[PDB]
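J.: I am attaching a structure below and will ask some questions about it afterwards.
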Amino acid sequence: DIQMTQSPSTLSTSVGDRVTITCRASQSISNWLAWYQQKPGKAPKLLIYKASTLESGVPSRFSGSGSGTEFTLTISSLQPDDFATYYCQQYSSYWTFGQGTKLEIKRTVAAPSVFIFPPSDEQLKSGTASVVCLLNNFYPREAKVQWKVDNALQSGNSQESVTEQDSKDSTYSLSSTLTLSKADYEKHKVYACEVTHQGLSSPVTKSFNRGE
Amino acid sequence: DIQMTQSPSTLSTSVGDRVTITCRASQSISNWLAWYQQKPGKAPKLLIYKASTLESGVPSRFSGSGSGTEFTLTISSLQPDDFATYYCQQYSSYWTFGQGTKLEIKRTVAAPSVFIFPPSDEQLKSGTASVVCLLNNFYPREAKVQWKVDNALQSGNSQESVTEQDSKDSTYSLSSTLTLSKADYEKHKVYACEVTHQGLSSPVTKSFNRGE
Amino acid sequence: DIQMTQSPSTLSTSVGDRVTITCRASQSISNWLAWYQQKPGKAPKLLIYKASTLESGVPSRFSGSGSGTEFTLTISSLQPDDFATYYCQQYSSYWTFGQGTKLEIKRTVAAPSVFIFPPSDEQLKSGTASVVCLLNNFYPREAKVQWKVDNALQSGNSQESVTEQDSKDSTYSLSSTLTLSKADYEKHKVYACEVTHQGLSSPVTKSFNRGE
Amino acid sequence: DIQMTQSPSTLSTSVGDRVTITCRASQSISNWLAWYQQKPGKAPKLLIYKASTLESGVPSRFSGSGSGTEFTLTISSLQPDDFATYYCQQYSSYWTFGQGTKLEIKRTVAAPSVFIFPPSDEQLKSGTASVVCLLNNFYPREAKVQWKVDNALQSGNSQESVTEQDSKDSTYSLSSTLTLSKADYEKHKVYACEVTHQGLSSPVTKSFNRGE
Amino acid sequence: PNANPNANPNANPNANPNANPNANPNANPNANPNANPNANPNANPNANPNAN
Amino acid sequence: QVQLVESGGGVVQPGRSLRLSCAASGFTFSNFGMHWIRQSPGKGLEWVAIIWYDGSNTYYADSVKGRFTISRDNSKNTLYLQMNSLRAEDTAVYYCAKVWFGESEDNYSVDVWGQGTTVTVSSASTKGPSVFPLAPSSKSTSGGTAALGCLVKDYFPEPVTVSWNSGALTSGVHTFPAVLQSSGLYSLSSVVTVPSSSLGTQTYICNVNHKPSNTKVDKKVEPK
Amino acid sequence: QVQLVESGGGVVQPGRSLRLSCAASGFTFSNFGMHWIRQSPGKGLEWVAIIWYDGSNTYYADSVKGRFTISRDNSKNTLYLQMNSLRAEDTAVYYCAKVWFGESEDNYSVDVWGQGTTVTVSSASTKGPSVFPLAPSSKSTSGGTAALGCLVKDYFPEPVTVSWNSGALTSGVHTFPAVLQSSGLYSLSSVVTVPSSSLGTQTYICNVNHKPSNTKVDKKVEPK
Amino acid sequence: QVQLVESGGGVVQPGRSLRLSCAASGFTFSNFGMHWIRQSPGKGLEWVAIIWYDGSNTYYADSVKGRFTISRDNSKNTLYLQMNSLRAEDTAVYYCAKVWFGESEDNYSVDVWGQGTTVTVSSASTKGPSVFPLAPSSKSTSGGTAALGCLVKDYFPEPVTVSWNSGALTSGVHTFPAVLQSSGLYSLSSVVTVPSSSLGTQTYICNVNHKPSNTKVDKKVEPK
Amino acid sequence: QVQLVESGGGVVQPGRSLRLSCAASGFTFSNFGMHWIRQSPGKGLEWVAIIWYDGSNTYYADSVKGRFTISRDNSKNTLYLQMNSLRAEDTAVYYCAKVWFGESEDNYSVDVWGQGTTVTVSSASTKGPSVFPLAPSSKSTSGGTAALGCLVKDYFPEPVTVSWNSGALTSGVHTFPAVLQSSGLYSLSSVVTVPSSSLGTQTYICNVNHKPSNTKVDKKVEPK
Amino acid sequence: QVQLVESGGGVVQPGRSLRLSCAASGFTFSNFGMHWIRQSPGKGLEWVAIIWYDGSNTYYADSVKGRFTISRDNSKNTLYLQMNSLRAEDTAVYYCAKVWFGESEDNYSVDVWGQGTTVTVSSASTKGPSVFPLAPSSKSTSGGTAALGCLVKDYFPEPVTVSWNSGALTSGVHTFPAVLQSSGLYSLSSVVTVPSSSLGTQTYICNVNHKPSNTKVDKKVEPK
C-alpha cells in the first residue's frame with residue numbers, strides 16, 4: 001500500500017554531532033508519522049508522534065519536522081545512549097515501517113587483520129569441508145572478500161556473517177565460510193580468500209594448498 | 001424528556017386502502033421504536049418492535065419503516081379488524097408514547113339531525129337549568145355547536161360529548177349541555193344552539209323562548 | 001445528473017486485435033471514472049478505478065486513459081475470456097453508468113436461412129393466430145424483416161427476439177412473431193416475411209396463403 | 001492535558017448589569033463544556049452543560065454560548081444571589097477546570113484606614129516579633145503595602161490576609177504580618193508600612209520607634 | 001470563501017481504520033435504564049461452592 | 001396463553017394511599033421484568049414504573065418519583081404498585097405489562113398488557129344521580145322522526161347503566177359517554193329516536209342503575 | 001473470498017411492498033459501506049442507494065427517493081432494502097455491492113458485486129403456458145435441412161424450461177429469450193434444424209415445464 | 001432531593017494513608033457513576049477519579065495515578081477513596097459528585113456535588129495557640145476610631161474560633177482567614193474598631209477556642 | 001510502569017498452528033486497543049494485526065489475512081494471537097504493543113511495546129551441533145598475535161552458547177551471529193586472538209552448550 | 001417535500017437575548033449547509049449567517065458579527081441562532097434556508113426557504129389599544145356611498161384584528177397595514193363604505209381584538 005523509505009540506510013556519526021535522517025512516503029500521509037527507537041536485542045521505544053510531538057520522557061535534543069511526503073528527524077547533539085536504530089512509521093492508512101536507519105559510531109580507519117582456516121580432518125571425515133576466512137578489527141564495515149580456488153572465482157557457495165560494533169574500539173569483524181563437498185574439496189589444490197578495504201593500498205590475499 | 005408526535009391525529013380510511021401513519025421523535029432514538037394497537041375499551045396489543053420487526057402472530061399486511069427521528073407504519077390492505085388506535089413508543093431513553101392515531105371508517109357525507117331539549121320543570125325546581133342540543137347521525141365527526149342567548153355567544157358554560165362510530169352505519173352523535181343557574185336562566189329570553197357542518201350548506205339553528 | 005455515453009455501442013473485433021472504446025461525460029468529472037466488465041448471466045467485475053489504476057488480479061493487457069470529459073479503455077491483445085460488456089461509471093457526483101459496449105466476435109459473412117411457420121389449428125381455434133418467421137445462423141447481426149399481408153406493410157403487430165452469439169460458430173438466430181386475432185387473421189389471404197441481409201444481393205421472400 | 005483559562009479572573013459588577021465571562025481551551029473540545037457556580041464556603045452547583053443547555057431549576061437569566069475553543073457565559077441581569085465564583089469545565093478529554101471567575105460587588109471608592117501594631121513584650125520574650133499593618137474598609141481591593149525598617153525594604157518575611165467583601169458595605173480589610181527574630185527586631189529602630197491605593201493621592205505611611 | 005457546504009457525497013463510507021481504538025473516558029458511566037430486565041436463560045444453573 | 005389481571009383500583013380521596021396488584025399466569029413470572037403504564041384522556045399513554053426480574057433496579061417517571069413504589073412477590077407471582085400522596089391528575093386506567101424477551105444488548109419494552117384497572121382520585125362523595133326527562137315536542141321533531149331521552153346528572157362515581165323499557169328497546173339508543181364537571185360530579189344523556197306517530201300511545205321509560213349506591217330509578221318521559 | 005448472496009426477490013403486484021436482503025461473508029461487513037444497484041433492459045445499470053458503514057448517511061437515486069429505504073444489520077451481517085409503492089418500471093435485477101477501500105480524500109465506488117435477485121412488478125396472475133407446434137412443411141425446407149419447433153405463449157411468470165426428446169436432442173437447438181407482450185404475458189419459441197430425409201419417421205416432442213404452476217406439457221410436432 | 005455526605009477527612013502525616021467515604025441518598029446510587037474532585041487554594045479545582053456505576057472502569061488523574069484507589073459498595077450506597085502515599089500538595093477539600101443523566105453517545109460530567117471534607121497533609125503536631133495582644137495607641141488612632149485586636153499565632157491544626165467579650169461585641173469585628181507559615185503552623189489575627197473615647201474604661205477580652213486541643217484562652221488587651 | 005510479557009513462541013513445522021499470548025500489567029488493559037507487530041531480518045518491521053478495546057473491530061495485514069486471528073480476554077487481561085497455516089516467511093519476533101491515548105479524531109499507533117517472543121517456522125528436527133576446531137598456524141599469525149577458534153555447524157534450533165576455558169577467557173572473543181543455511185541448519189563461528197608465544201603450552205578449549213538438545217561439547221583446539 | 005418551521009420570534013427589550021430555532025424535515029438535514037437570512041422593510045433582504053453541514057465553518061454578516069451565533073444540532077435536525085445585544089434595527093422576519101445541491105467547484109446559495117419568524121426589538125411595554133370612531137357625515141359622503149371606520153391607536157404589540165358586525169360585514173372593508181410611530185406604539189385604521197340611505201337605521205359596530213392583551217372592544221360608530 002504505502003511505501004516507506006529512509007535515508008541514509010546507515011550513518012556514521014560521532015558524539016556531539018548534529019544528525020538528520022529523512023523518511024519519505026510514496027503518497028501523502030499528512031502528518032500521521034511516528035518515529036521509534038530500538039536498541040539491539042531490546043524492545044522498541046516510542047520517540048515522536050504526529051511528526052513533531054515529543055513523547056513524555058524523551059529528552060529535548062530530539063526533534064521532528066516535515067509534512068506531506070517528506071519528514072526529518074534531527075538530533076541536535078548526539079549522546080552515547082542514543083546509538084540505536086531509528087524507524088519511521090506512517091499510520092495514515094494501516095501501518096507500514098521503513099527499513100530503519102542505524103546510527104554507527106564513527107572512528108578512524110583501521111585495516112583488517114586477515115586469517116584463513118582450513119577444514120579439520122574430522123569434518124573432512126564427516127563428508128563436508130568448510131573453509132573460513134576471518135577479517136578482524138576493521139573499520140569501516142564495507143569490505144570485499146572473494147574466494148578463489150585454483151584462481152577461479154567462487155559465487156553462490158559462501159556465506160558471510162558480521163558482528164556488531166565492538167564496545168571497546170568500535171570495530172567490526174567478519175567471517176566468510178566457503179562450504180564444499182569432500183569430493184569437490186579434494187578435486188582442487190589452492191584455496192584463497194582475497195580482501196579489499198579502503199584502508200589497504202593493495203588487496204590482501206591469503207591462501208593454502210590442500211594437504212599442506 | 002423525548003417528545004413523540006404522530007401524524008395525522010385522525011385518519012379517515014376505507015377497507016382495502018393503503019394506510020401510512022408517521023411518528024417523529026424530538027431527538028435521535030436510533031431504531032428503538034415500537035408500535036402498539038389498541039381497540040376501544042380493550043388493552044393495547046404489540047404490533048412492531050425495532051421499527052420494522054413484526055411480532056409473532058401479527059398478519060403480514062403490517063409493516064414498519066424508518067430510522068433516527070422519522071418512522072412510518074404501513075398497512076398494505078386495510079381489513080375491518082384493523083380499525084383501532086395506533087400508538088408509537090420510543091424505548092431508547094425511558095419510555096414515552098405518542099398521542100395516538102385513530103383509524104376511522106370513511107363513508108359518504110351525511111348531514112346531522114338536530115334536536116333541542118329545554119330544561120325540565122323538576123330541574124328548574126331543583127335550582128339548575130340544563131339545555132341540551134343533540135346532533136344525531138352525522139359524518140364526519142367535526143362539527144361546531146354555538147350557544148346564543150339573545151343572539152349573544154356563550155363561552156365557558158357548556159360541555160360537549162361525542163359518541164363512538166356506530167357499528168351499523170358509522171355515524172356520530174354529539175350532545176351539547178348548557179348549564180346555568182335558575183336566576184341566570186330567567187334573566188334572559190331566547191336560547192338557541194347553532195350548528196355548522198361541512199355537509200350543511202347553511203348553518204342550522206334551533207331556539208326556544210324561556211317559559212314557552 | 002451527469003450523463004454518460006459510450007462509443008461505439010457495438011464493436012466487431014477479432015482475437016489478438018487492439019481494442020479502444022471511448023466514454024464521455026456531460027460535465028467534467030476529473031479522473032473519478034471506473035471501468036467494469038460484465039459477462040452474460042454473471043455479476044459485473046471491477047477492472048479499473050481512478051481512470052488508470054489497475055485492479056489487483058486484472059491482467060496487464062488492460063489499460064485506462066483520459067481526463068476531464070473524455071476517457072478511453074484499451075485492451076492491447078484481446079483474448080477469448082475477454083468477450084463481455086464493458087461499462088464506464090462516473091463517481092464524481094452520485095453514480096451513473098454508461099449504456100455499455102459489447103465486444104463481438106468478428107467472423108466471415110454467412111447468409112441467413114429463412115423458415116416460416118403458420119398458426120396451428122388449435123391456436124386458431126383458441127382465437128389467436130401467431131405467424132413465425134425464423135432467420136437461422138447468420139452474421140453479422142444487422143438484418144431487416146418486413147411483414148406483408150396481402151401486399152400491405154404491417155406495423156405495430158410484430159415482435160422480434162435475438163439469441164446471443166452461438167458458442168460453436170458465433171452466429172445469430174432471430175425469431176419474428178406476428179400476432180393477430182382470429183377475425184383479423186381470417187380476413188386476409190397472403191402472409192409473407194421478406195428478409196434482407198448484407199450477404200444477400202436480393203431480398204428473400206417466404207409467403208403462404210391462408211388455408212393453403 | 002487540555003488547558004482551560006477564564007477571563008477575567010475577577011470582575012466587579014453591579015445588580016442589573018449584563019455580565020459576560022469567557023473561557024478558552026488550549027485545543028478543540030467541540031461543545032463539551034460545563035459551567036459550575038460556587039458560593040464561598042459552599043459546594044459548587046451545576047449551571048450549564050453542553051455549553052448551552054440550562055440545568056433544570058436554573059433561572060432563565062443565565063445563558064451559554066460558544067463552540068470549539070472559545071466559550072462565554074452571560075447573565076442578562078445580575079441579581080444578589082448570583083454573586084459567586086464561576087468555573088468552566090471541559091469534559092471532552094478527562095476533566096479540567098478553569099481558575100474561576102469571582103463576581104465582585106461593585107461599590108464606590110473608599111480609601112483605606114491604616115493602623116499599625118508593634119510586637120508585644122510577651123512575644124518578644126517568646127523569641128519572635130510580629131508587626132501588624134491593617135487596612136480597614138477600602139475598595140477596590142487592589143493596594144500595595146511596602147515594609148520599611150529604617151527605610152530598608154523587607155522581602156520574604158511577611159504574610160498577607162484578606163477578608164471577604166463585607167455584607168453591609170461591600171468593603172475589604174487586609175492584615176499584613178511581618179515576622180522577625182528578636183535579635184533582628186532589636187537591631188533596628190524604625191518600623192513602617194507604606195500603603196498605596198487608587199483612592200489615595202499620596203502613599204500613607206505609619207511607623208513606630210522600637211521602645212517608644 | 002464559498003466552498004461546497006454539503007457532503008461529497010461520494011466520500012469515504014468505510015472505517016478509518018486508524019480511528020480511536022481505545023475506550024473514551026467521557027463515555028456513559030450510568031446504567032442504561034432500558035436494558036435487559038429479564039432473567040438470563042444462559043446463566044449459572046449450578047450451586048456456588050462459596051455460598052453461605 | 002399469557003394472562004395478567006389487575007386489581008385494587010377504585011375511588012380514593014386526594015392525599016390517601018392505594019395499592020394496586022397484578023396477578024400473572026401463563027408464563028414464568030419471576031423470569032421477566034414488568035412495567036406499570038397508565039392511560040388517561042388528558043395525557044394519553046404515560047409510562048409509570050419498571051422493575052427488574054429480581055427487583056434489584058427500579059425506575060419511575062419524573063412526575064411520580066418519590067410517591068409511587070413498585071415491588072413484586074415472585075413467590076406469589078404478583079406485581080404491586082403502592083401509590084402514596086395521590087393527586088387529582090393521577091386518575092387513569094393502570095395496566096401492568098410484561099417485558100418481551102430479546103437479545104442481551106438490546107433495549108426493551110413491553111409486549112403483553114394486562115386488562116387494566118381504573119383509579120379515580122377525587123374528593124367527591126358517593127352520590128346517586130338525578131334523572132330528568134328530555135321530553136319530545138314540536139321543537140324536537142323533524143318529519144316522522146322524533147327524539148326523546150333522559151338526562152342523568154350529578155352522580156359519582158362512575159359508572160351508571162341506562163336501559164330503555166327494561167332493555168326491550170335498543171334500536172336507536174345512544175348513551176353518551178359521561179363527562180366530568182367542575183363540581184366533581186358526572187353527567188350524561190341517553191337519547192332515542194322514535195316514530196312521531198307513536199307518541200302519546202307508546203310508553204317510554206328509562207331505567208337508570210347505579211351499583212355503587214344501589215340506585216335504581218325508572219323515569220317516565222312524557223311529551224308536552 | 002468475498003461473497004454476497006441476495007434473497008427476497010420474486011413476483012409482486014403493483015402497489016405492494018417487498019424487502020430484499022443481502023448476506024455478506026468473506027470480509028468484515030460492518031467496516032464497509034454498501035450499494036444497491038439495479039439493472040433493467042430499458043435503463044441499463046442504475047444506482048439505487050448507498051449506506052455508510054454505521055448507517056449514519058444514506059443516499060438514494062431521485063427516481064426512488066421517498067419510496068425505498070436502505071438499511072443494515074451489522075449484528076447479522078445483513079444488508080436490507082425495503083421497497084414500498086412499487087411501480088412497473090422497478091422490475092429489474094437488484095445487486096448489492098461492496099465499496100472498495102481507498103484513501104481518505106478519494107471518491108468511492110464499488111468493487112465486488114453480489115449475485116443478484118430478480119424483482120418483477122406485474123399485475124399478471126399465475127398462468128401456465130400454451131404450447132403450440134411449429135410444424136415443418138415444404139414452406140420450411142431449403143435443401144436437405146428442415147426447421148421445426150414449439151411456441152410457448154402466454155405464460156406468467158418466469159421461468160419456463162424447454163427440452164427436446166427428454167433432452168436427447170440438443171445439437172442445433174435455439175431457444176429464444178422470452179419477450180414481454182402488451183398483455184403482460186411472456187412468449188418464446190424453440191426451434192431445431194433436422195435432416196429433411198428424416199421427416200415423417202423420427203418423432204420430435206418438446207417438453208415444456210413450468211415449476212411455479214407445476215405444469216408439464218409434452219407436445220408432439222408432426223409434419224403436414 | 002439528592003444528598004451526598006462525605007466523611008473521613010482530617011489531619012494525616014505525609015506518607016501515611018487515609019480513607020474517605022461518601023454516603024449517598026435521595027436517588028438510586030447503584031445506577032450512576034461517581035467522581036471525586038478536590039479543590040485547593042494553590043491549584044483550584046482538580047478532578048481526581050471517576051468510577052463506573054458497576055465499578056468496571058475507573059480513571060484517575062495523572063498526578064494521583066498509582067496512589068489513590070476509588071471503589072464503591074452499591075449494597076451500602078457508599079463511595080470510597082483510599083489515598084496512599086500522601087504528599088503535602090494533596091491537602092485540599094475533597095468532594096464526591098454524581099454524574100448527570102444524559103444520552104447514550106454524549107460525554108458526561110457531574111451535576112450534584114457533596115458537602116466536602118477537608119484533608120490536611122502536614123507533619124506538624126497538634127499544638128495550642130499563642131495569643132498576643134494587639135494594643136491600641138496613638139499610632140492606631142484616626143479621629144474618634146481606634147483599632148485593637150488579638151494575634152493567634154503558631155497553632156495546628158485548623159480551626160480556631162475567636163469571640164470578643166463572650167460574643168457581646170460583634171459590630172466591626174474582622175477575623176482574618178488563617179495563613180500557613182513556613183514552619184507548618186497556622187496564624188491569624190482578629191481586629192475590632194472601637195470609639196477612642198472608650199479606651200481605658202471599656203474592657204476588651206478576646207476568647208480563643210481550639211476544640212482539637214481543648215484550648216480556651218481569654219486574653220485581655222490593654223492600651224499602653 | 002507499563003509492562004507486557006509475551007509467551008508461547010517456539011519452533012513449529014510449516015502448516016501447523018501456534019498460539020501466542022501477551023500478559024499486560026501496569027495499566028487498565030481493557031481500556032486500550034492492542035497491536036501485534038513482527039520483525040524479521042528479511043522484511044524488517046511489519047505490522048500484523050490490531051484489535052479494538054472491546055474486540056468489536058479487528059484488522060489484519062494483507063499477507064496474513066485469513067490465517068491469523070487476534071483476540072483478547074479482558075477478564076484475564078490477556079491478548080492472544082492464533083496463527084494457522086504458518087509459512088516459512090512467518091519466522092520472526094512478534095511483539096504486542098499498546099495503543100497510545102489521544103484525541104477522538106486523531107489517528108493512532110502504539111507507544112509501549114512488549115518484550116517479544118520468537119517464532120521459527122522450519123521443518124528441521126532438533127539436532128545437536130558439530131564442533132570443529134579452527135586450528136591456528138603460521139598462516140594465521142601476524143607478529144606475536146595468532147587467531148584460533150571453533151566452528152559450530154549444522155545445529156537446530158537456536159540458540160547455542162559458546163565459552164572459552166569455562167569462561168576464564170573473554171578478552172578478544174568474537175562469536176559471530178548464526179546464519180541459516182540452505183539445509184535449514186544454523187552455523188556460526190567463535191574466534192579469539194592469543195599471544196603466539198603461548199601456543200603449544202597454554203591449553204585452549206571451547207565449551208559449546210545447547211540447552212534445547214542438552215548438548216555439551218568441549219573441543220580442544222590445537223595448532224598444526 | 002422539503003419543510004422548514006421557524007419558531008422563537010417575538011418581542012424583546014433592547015439589550016436582552018433571544019434564541020431562534022428552525023426545525024427541518026423532508027430531507028437529510030445533516031447533509032446540507034444552512035443559511036439564516038432576514039428581511040425588514042427598512043433594509044430589504046439581508047443575509048445573516050451560514051453554517052456548514054458539520055458546523056466546521058461559520059460566517060456572519062459584518063453588521064451582526066460578534067453578536068449572533070449560528071449553530072446546529074444534527075441529532076435533532078434543528079438549526080439555531082442565538083442573538084445577543086439586540087438593537088432596534090434588528091426587527092425583521094428571519095428565515096432559515098437550505099443550500100441547494102451542486103457541483104464540487106461551484107459557489108452555493110439557497111433554494112428552499114422556511115416559513116419565517118418575526119422578531120421585534122422595542123422598549124415599548126404591552127398596551128391595549130384605544131378605539132375611536134371615524135364618524136360619517138356630509139363631508140364623508142359622495143353620492144349614495146358614505147365612509148365610516150375605527151381608529152385603533154396606541155397598542156402593543158402587533159397584531160390586531162378588526163371585524164365589522166362580528167364578521168357579518170366584509171364587503172368594502174379596508175384595514176390598513178400598521179405603521180410604527182416615534183413613540184414605539186402601533187396604530188392603524190379600518191374603514192368601510194356603506195349606503196348613505198342606510199345611515200341612522202342600520203347599526204354598525206367595529207370589533208377590535210388584541211390577543212397579546214386579551215383586549216376585545218366593540219365600538220359603535222354613529223353619524224353626526
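In the C-alpha cells, each chain is lettered A, B, ... as it comes, each chain's residues begin at 1, and ligands are numbered from 1 in order of appearance.
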Just the residues within 9 Å of region 109-125 of chain F, please, counting only C-alpha atoms, with nothing from its chain fewer than 5 positions along; format it as an MDAnalysis selection string.

T.: (chainID B and resid 34 36 42:47 49 55 89:91 95) or (chainID E and resid 34) or (chainID F and resid 2:14 20 22 24 34:35 38 86:101 156:158 183:185)

J.: I want to know what sits within 9 Å of region 178-182 of chain G, based on only C-alpha atoms, with residues of the same chain fewer than 6 positions away left out; could you give that as number ranges by chain?

T.: C: 159-161; G: 154, 158, 188-189

J.: Go through chain J residue by residue and, counting only C-alpha atoms, keep those with an atom at most 7 Å from chain E; for each kept residue give the shortest atom pair and its distance in Å to one decimal, ordered by chain and increasing number, as a tab-separated table.

T.:
```
residue	atom	partner	partner_atom	distance
J:31	CA	E:6	CA	5.5
J:32	CA	E:6	CA	4.5
J:33	CA	E:5	CA	4.9
J:52	CA	E:5	CA	4.9
J:53	CA	E:6	CA	5.5
J:104	CA	E:4	CA	6.1
J:107	CA	E:2	CA	5.4
J:108	CA	E:2	CA	6.5
```

J.: List as an MDAnalysis selection string the protein and nucleic acid residues near residue 187 (chain B), meaning an atom at most 10 Å away when only C-alpha atoms are counted, but skip any in the same chain fewer than 5 places from it.

T.: chainID B and resid 181:182 210

J.: Output as JSON lines one row per residue of chain A within 6 Å of chain I: the closest atom pair and its distance in Å to one decimal place, counting only C-alpha atoms, sorted by chain and residue number ascending.

T.:
```
{"residue": "A:43", "atom": "CA", "partner": "I:115", "partner_atom": "CA", "distance": 5.7}
{"residue": "A:46", "atom": "CA", "partner": "I:111", "partner_atom": "CA", "distance": 5.3}
{"residue": "A:97", "atom": "CA", "partner": "I:45", "partner_atom": "CA", "distance": 5.8}
{"residue": "A:99", "atom": "CA", "partner": "I:44", "partner_atom": "CA", "distance": 5.8}
{"residue": "A:115", "atom": "CA", "partner": "I:140", "partner_atom": "CA", "distance": 4.7}
{"residue": "A:117", "atom": "CA", "partner": "I:134", "partner_atom": "CA", "distance": 5.8}
{"residue": "A:163", "atom": "CA", "partner": "I:176", "partner_atom": "CA", "distance": 5.7}
```

J.: Next, dump the selected residues to file, keeping only C-alpha atoms, as a PDB file, in the first residue's frame.

T.:
```
ATOM      1  CA  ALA A  43      12.137  -3.748  22.514  1.00  0.00           C
ATOM      2  CA  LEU A  46       8.375   5.434  21.033  1.00  0.00           C
ATOM      3  CA  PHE A  97       7.505   0.860   8.766  1.00  0.00           C
ATOM      4  CA  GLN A  99      13.662  -0.299   6.739  1.00  0.00           C
ATOM      5  CA  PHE A 115      43.283 -15.076   8.878  1.00  0.00           C
ATOM      6  CA  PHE A 117      41.490 -21.655   8.449  1.00  0.00           C
ATOM      7  CA  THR A 163      29.463  -8.746  14.240  1.00  0.00           C
TER       8      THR A 163
END
```

J.: Counting only C-alpha atoms, what is within 12 Å of residue 40 (chain B), bar same-chain residues fewer than 6 positions away, as a PyMOL selection string?

T.: chain B and resi 82-86+102-103+164-165

J.: Output as JSON lines one row per residue of chain H within 10 Å of chain F: the closest atom pair and its distance in Å to one decimal place, counting only C-alpha atoms, sorted by chain and residue number ascending.

T.:
```
{"residue": "H:1", "atom": "CA", "partner": "F:66", "partner_atom": "CA", "distance": 9.4}
{"residue": "H:26", "atom": "CA", "partner": "F:66", "partner_atom": "CA", "distance": 9.0}
{"residue": "H:27", "atom": "CA", "partner": "F:66", "partner_atom": "CA", "distance": 9.4}
{"residue": "H:28", "atom": "CA", "partner": "F:57", "partner_atom": "CA", "distance": 8.3}
{"residue": "H:30", "atom": "CA", "partner": "F:57", "partner_atom": "CA", "distance": 8.5}
{"residue": "H:31", "atom": "CA", "partner": "F:57", "partner_atom": "CA", "distance": 8.1}
```
